[PDB]
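*Asks:* with the input below, show me the fold.
(chains A, B, C, D, E, F and G)
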Amino acid sequence: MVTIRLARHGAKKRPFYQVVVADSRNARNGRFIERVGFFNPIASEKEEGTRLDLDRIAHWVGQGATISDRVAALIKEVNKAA
Amino acid sequence: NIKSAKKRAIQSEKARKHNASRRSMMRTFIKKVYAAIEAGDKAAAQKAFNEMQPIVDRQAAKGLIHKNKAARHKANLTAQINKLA
Amino acid sequence: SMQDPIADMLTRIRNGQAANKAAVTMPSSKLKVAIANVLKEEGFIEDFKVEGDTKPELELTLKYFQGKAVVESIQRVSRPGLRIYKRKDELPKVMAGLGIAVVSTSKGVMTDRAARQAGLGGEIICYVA
Amino acid sequence: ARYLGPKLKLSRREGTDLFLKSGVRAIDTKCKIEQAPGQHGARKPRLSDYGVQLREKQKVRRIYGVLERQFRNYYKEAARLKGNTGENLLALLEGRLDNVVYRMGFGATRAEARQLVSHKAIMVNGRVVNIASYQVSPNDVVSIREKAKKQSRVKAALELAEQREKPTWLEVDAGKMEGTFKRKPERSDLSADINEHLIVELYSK
Amino acid sequence: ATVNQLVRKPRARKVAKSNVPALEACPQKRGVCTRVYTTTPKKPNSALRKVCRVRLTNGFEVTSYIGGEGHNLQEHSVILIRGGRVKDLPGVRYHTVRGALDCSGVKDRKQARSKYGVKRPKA
Amino acid sequence: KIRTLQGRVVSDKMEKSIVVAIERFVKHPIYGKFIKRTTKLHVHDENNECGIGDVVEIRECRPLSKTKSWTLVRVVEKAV
RNA sequence: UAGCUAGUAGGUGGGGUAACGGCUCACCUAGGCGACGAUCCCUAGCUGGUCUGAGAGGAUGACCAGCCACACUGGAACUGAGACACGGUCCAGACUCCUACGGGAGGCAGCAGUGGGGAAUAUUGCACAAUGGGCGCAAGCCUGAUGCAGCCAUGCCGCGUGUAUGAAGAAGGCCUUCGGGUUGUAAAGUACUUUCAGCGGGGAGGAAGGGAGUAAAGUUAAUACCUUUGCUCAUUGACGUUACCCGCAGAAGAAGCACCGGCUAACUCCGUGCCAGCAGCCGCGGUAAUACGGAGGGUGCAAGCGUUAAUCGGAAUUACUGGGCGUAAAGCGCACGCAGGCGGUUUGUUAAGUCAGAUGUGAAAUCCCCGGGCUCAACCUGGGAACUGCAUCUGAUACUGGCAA
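*Replies:* Numbers count the residues shown, from 1 in each chain, chains lettered A, B, ... in the order given. I have put the structure below:
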């Protein structure tokens, strides 16, 4: 199974999640096929907080990739524009 | 060691016994075939080949011989009989 | 034996400038006339003249600006022992641009300015400073 | 992490007024400046080349109140920025928040300005900044909070702001007690006597 | 020097081995100080230099200088050898860390106090 | 097309096979001198047409023995 | 360390594997590798990278990430999509343990933790709230991964130990040509400020989902059930007396370490007298020692500072960039010559080197640039550049090479 999932990369008490496409049996912050966006749960209240490449996500779900609950929640957040 | 590894130990023993029996019957049928090719017998070996074909295809489908091996056998043995007949 | 006639040419010009020689003769070839045409074009020699029929002889009328000599230091870069082939980005400037470096590019024998403008590197023959 | 000692001693080893006690009175008058930085201070040093470079770096740090690892980091940042490393280094020292509070006349010295900055009496852009080395960007408004406004110090400090030269790259205005750092100070806009090539060459050995 | 000669056989600078075989190149080692001596120096100097001879923890039997005025070492006295040559004595390559395992700090010392194992006097 | 190499036969005497030396001409990483450098390859040929001292083109295929992952396409320049 | 190799090198045929293959066997051939360094010996996990360097290089490969190998030691397979399997099986061995003496049991190089070894390196913590994994339709269960907390100045970064005024230039210390000088605006005095620590209140964010009701659509015989989308209702935080904000009292709780002969910033007095001792090199000390030990004074760094170990630099002292060889080290005693390196001159062809462009790749992080978020910084992060390479295709043909004359 390949999974589009989050991978924790920020500092302590300040996570920055990068949404990647990994073979699901790798580690979380390990090996991935391609990274496809990010998700900062803070970032500030400025402009984005999250961008996420929907074309490549649709490509991988076309291939057979699964999606975790957060990535599904983010696609349900950034629906097409908002 | 104290787990569900005990269950995998006993299951792998049980399946070892089952697979050993089926693997042994398969090998005896193939020995029938190219032990009939050891003598110059065409129709005897064809009868043995027809006797081994469903069991080798079947053990390929059941999952213990991994069908390419299945194919090899019959391929090799077909060659032997049309080396002979 | 003679194994680098280009460095021999540049030796003739260094030792002609160093001896206040008016003109310098040598055996001639296509590459020496190409280099000599670059040197006349860039102003380091006064003129050249190839004579002879069966044994051509290149002759360089040298320059002297004041009492001093114009060709301050001519060096051979891509010698036969070790040849030096630079790209259009690696292509050096000599005396911070005040002194050309004769590069043999596929389009012909040019300077460093002319071949960096032409967009193509090559085999860097000599530094004239 | 900061100096905490005799100040006019530091101003007396350098031979030059480092503006370390600006305060109430005029030019020193009780310093014995030039005369004796210690017991053998009456001796002329006959200073070396390392001594002049070192002593220039110490002049600048002892002016702006910076220690060595922090100064050295300013030299690395001034080196990597595009342009002139001496001028970039003074631009990094002049954008310090305690310095900008000193230039606006909110503190009498840079240590008093550093205590105003330190004791949460100073906002930049409407946010309180507690940090002496905050790097004030151009077109910023740095002001005093409602607490520690109309305290004596800052008033007196603005009183002695008019005795100095009114820096060109600021909007000093003391009515509202707010200031605007407008642009980066040009090298020709500050002090004229520090030799920053000596500290470039000091760190580049 | 000719580039062909370097293709055939490249340049090679030697290894420049260590002055201090305190093995593994460890900062300190500990030893047992098999004996304690005083030893006369080389020619331009004259003194009696207080020097121990030590069986280290890695097997090596090395001799080691004892810094400062007066020590309390005697023959078993497990010390912490340091590394650092005393040039004036032929063949000592090490020092003892004063203020370490069984090597007391130098008595009645006030300056350069950290390098002799002496605590700050309360005043 | 296919990627192929050219080289010369260095020895001959093996039972439907050959061995070919390849001359790559590579710059030294430190010294900047272009140096010749060989690559001997065990190469297969059905019916062993090429003899010693030839020049032959050569492509890569599946393994045919130990080393031997190379097979000729065209024998050129056999001249003795 | 100059010879190594008999399943060895190749062939034919049989077998074997998921798959090519001496992978294996029978037969045939007598090869194969090697001075472009085989074989043997010593050492070593490899890489992205890290440290140093102007660079080229040199050293290294802790954390983080990719690959490999190992799981007490030696071997073997079984189950399985996948293992010749860290917390599986079997055998053997060493050790440790139980025993009724017949036999049994175990494997921290998982996380904590012990004993030992060592100059040296941490808690037998909290939680699955987040992210991820396994199982499950799901709820949920498990997770020493992970999130966090504890200890440690081990590093990097930030802040603090106040601020202004203050000459009677106080006393005391040290020096003094006994005039004074210096410590020194230093302290005390006076006037202000409360960062952080202490005390008391307030209080984000990491929380998205999940559960229970509806409404609509889809499916359907069905307005059931299920799925999806909206809406409503209670809820879900280990960290955590959180970050942060406000109020309180008072300068109140908060400065050492090395050095001062030259190199190398910073000097005198006293004690000692080739001693005691110092020292990185030069070297100090045998009676007035700016070098030893103390004091006063100063200098440098600063919650650090020194010493030691190790690397690169300086070291152009292995020189590719970038050195030399008459006399400093260095031209074989002289030749002939194979392999090697280099090769006059003209024309044509090729285009291998060389050059130009394109494409694929050169993982992400790291370095660099322009921005963004933590009060700033360290840190985290968005986009680019870069990864100097390799392969393929398209061209150019001056130089080098191949070929022909």
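*Asks:* C-alpha only now, for contacts and for neighbours.
*Replies:* Fine.
*Asks:* how about residue D:34: what's its closest non-neighbour residue?
*Replies:* Leaving aside its sequence neighbours, residue D:34 sits nearest to residue D:15 (Cα to Cα, 6 or more residues apart in numbering or on different chains; 5.2 Å).
*Asks:* now do the SS call for that neighbour.
*Replies:* Reduced to three states with DSSP: H, G, I helix; E, B strand; the rest coil, the structure at residue D:15 is coil.
*Asks:* next one: residue D:194
*Replies:* Using three-state DSSP, the three-state assignment for residue D:194 comes out as coil.
*Asks:* do the one 3 residues further on as well
*Replies:* Per three-state DSSP, the secondary structure class of residue D:197 is helix.
*Asks:* circling back: so the residue nearest to residue D:34 makes contact with residue D:31?
*Replies:* No. Using Cα atoms under 8 Å, residue D:15 is not in contact with residue D:31; the gap is 11.0 Å.
*Asks:* what's the neighbour count on the residue nearest to residue D:34?
*Replies:* By other Cα atoms under 10 Å in any protein chain shown, 15 other residues sit near residue D:15.
*Asks:* what's the burial count for residue 12?
*Replies:* Since you didn't name a chain, this refers to chain A. Applying other Cα under 10 Å, we find 7 residues neighbouring residue A:12.
*Asks:* that's the other chain; I wanted chain C
*Replies:* Neighbour count for residue C:12, taken as other Cα under 10 Å: 17.
*Asks:* excluding its backbone neighbours, what's nearest it?
*Replies:* Distances taken as Cα to Cα, 6+ apart place residue C:24 nearest to residue C:12, at 6.8 Å, with adjacent residues excluded.
*Asks:* quick one: the most far-flung residue of chain C relative to its centre from residue C:60, how far?
*Replies:* In terms of distance from the mean C-alpha position of chain C, residue C:54 ranks first, at 24.0 Å (Cα atoms, centre = their mean). Using Cα to Cα, to the nearest Å, residue C:54 is found at 19 Å from residue C:60.
*Asks:* just residue C:83 next, same as before
*Replies:* Counting by Cα to Cα, the gap from residue C:83 to residue C:60 is 26 Å.
*Asks:* and those two? which has more neighbours close in?
*Replies:* For residue C:83 versus residue C:60, the count of surrounding residues by other Cα under 10 Å is larger for residue C:60: 25 against 15.
*Asks:* what separates the helix or strand hosting that one from the chain centre, distance-wise?
*Replies:* With the criterion set as DSSP states H and E, the secondary-structure element containing residue C:60 is strand C:57-62. Using Cα atoms, centre = their mean, to the nearest Å, we find the averaged C-alpha position of strand C:57-62 to lie 12 Å away from the chain's own average C-alpha position.
*Asks:* just checking, next helix/strand downstream of that strand?
*Replies:* Where DSSP H and E defines the elements, the next helix or strand beyond strand C:57-62 is strand C:74-76.
*Asks:* heading C-terminal from that next one, find the next helix or strand.
*Replies:* Note on strand C:74-76: by DSSP H and E, the next helix or strand toward the C-terminus is strand C:85-86.
*Asks:* mind listing the strands the following helix or strand past that next one pairs with, and their directions?
*Replies:* Beyond strand C:85-86 in the direction of the C-terminus, DSSP H and E gives the next helix or strand as strand C:101-105. Taking DSSP bridges as the criterion, strand C:101-105 forms sheet pairs with strand C:108-110 (antiparallel), strand C:122-128 (antiparallel).
*Asks:* contacts made by the longest one with the rest, please.
*Replies:* Which is strand C:122-128. By Cα atoms under 8 Å, 6 or more residues apart in numbering or on different chains, the list of residues contacting strand C:122-128 from outside reads C:71-79, C:83-88, C:94, C:99-106.
*Asks:* what sits against residue D:13?
*Replies:* For residue D:13, the contacting residues are D:34, D:36, D:37, by Cα under 8 Å, 6+ apart.
*Asks:* in chain E, what residue lies closest to chain F?
*Replies:* Relative to chain F, the nearest point of chain E is residue E:3 (6.7 Å; Cα to the nearest Cα).
*Asks:* now list the buried members of the contacts of strand C:122-128.
*Replies:* Neighbour counting by 16 or more other Cα atoms under 10 Å in any protein chain shown classes C:71, C:74, C:76-78, C:85-86, C:99-105 among these as buried.
*Asks:* how about the residues of chain F by RNA strand G?
*Replies:* Proximity of chain F to RNA strand G (Cα under 7 Å from any atom of the strand) is limited to residues F:1-3, F:11-19, F:24-27, F:29-32, F:34-42, F:44, F:62-68.
*Asks:* and stretch C:113-124, does that touch RNA strand G?
*Replies:* Yes. Stretch C:113-124 is in contact with RNA strand G by Cα under 7 Å from any atom of the strand, via C:119, C:120, C:121, C:122, C:123.
*Asks:* many thanks, we can stop here.
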